[PDB]
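S.K.: Mind looking over this structure? Questions follow.
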Amino acid sequence: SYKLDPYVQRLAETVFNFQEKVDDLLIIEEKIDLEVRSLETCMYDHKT
Amino acid sequence: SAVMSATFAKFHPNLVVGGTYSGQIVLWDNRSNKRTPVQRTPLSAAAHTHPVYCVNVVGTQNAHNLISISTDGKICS
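If you're matching them up, the sequences are chains n and p in order.
Residue 867 in the authors' numbering is what sits at position 42 of the first sequence, and the numbering runs on without skipping anything.
Residue 311 in the authors' numbering is what sits at position 5 of the second sequence, and the numbering runs on without skipping anything.
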């Protein structure tokens, strides 16, 4: 009974923010992969 | 989790909120496009300690507070 409700609620708020961060983490990894390989069908890009 | 009568908020129709099953009014911004609940409030004595019943807005835009009267006999705004 030291921190059941306190640490549980802290992990709950960070858990919901982490669920949003899970979907956003998939989107973040997708943004990094897109920025690493987005010129797969470009028409002779040099400065780009 | 299965919420209990969620509703909207003020100044935009994106950051909605609603009393979830854990005991608080879980909020989420529709402009951020999040599938599950984006940020859930603390479900402690501040929110509904017991189950949830209903959530809504409070007053006009001058004092629109997210007020939820749950299944714990409390209107937490």
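Don't be surprised by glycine CBs; every beta carbon is placed ideally from N, CA and C.
#1: Suppose you measure from the CA of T326/p to the CA of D870/n; what does that come to, to the nearest Å?
#2: Residues of chain p with a CB under 9 Å from the CB of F843/n: which are they?
#3: What residues in its chain sit with their C-beta under 6 Å from that of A312/p, if we drop five residues either side in the sequence?
#4: Compare the C-alpha of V840/n against each of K316/p, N336/p, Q345/p and name the closest.
#5: What's the C-alpha gap between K856/n and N320/p?
#6: Roughly how many whole angstroms lie between the Cα atoms of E838/n and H318/p?
#7: Just checking, does the segment 326-337 of chain p make contact with the segment 347-367 of chain p on the three C-beta pairs under 8 Å criterion?
M.R.: Taking the definition as stated:
#1: The count along the second sequence starts at 1 and reaches residue 326/p at position 20. The count along the first sequence starts at 1 and reaches residue 870/n at position 45. In a straight line, the C-alpha of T326/p is about 50 Å away from that of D870/n.
#2: By one-based count along the first sequence, residue 843/n stands at place 18. Here the premise fails: no neighbours, minimum Cβ distance about 10 Å.
#3: Translated into positions along the second sequence, residue 312/p becomes position 6. Around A312/p: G324, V361.
#4: Taking the first sequence and counting its residues from 1, one reaches residue 840/n at position 15. Checking every option, the nearest Cα to that of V840/n belongs to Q345/p.
#5: Position 31 of the first sequence, counting from 1, holds the residue named residue 856/n. Position 14 of the second sequence, counting from 1, holds the residue named residue 320/p. Distance between the alpha carbons of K856/n and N320/p is about 23 Å.
#6: For the purposes of this step, residue 838/n is identified with residue 13 of the first sequence, where counting begins at 1. For the purposes of this step, residue 318/p is identified with residue 12 of the second sequence, where counting begins at 1. The alpha-carbon atoms of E838/n and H318/p are separated by roughly 23 Å.
#7: Enough Cβ pairs lie closer than 8 Å, so yes.
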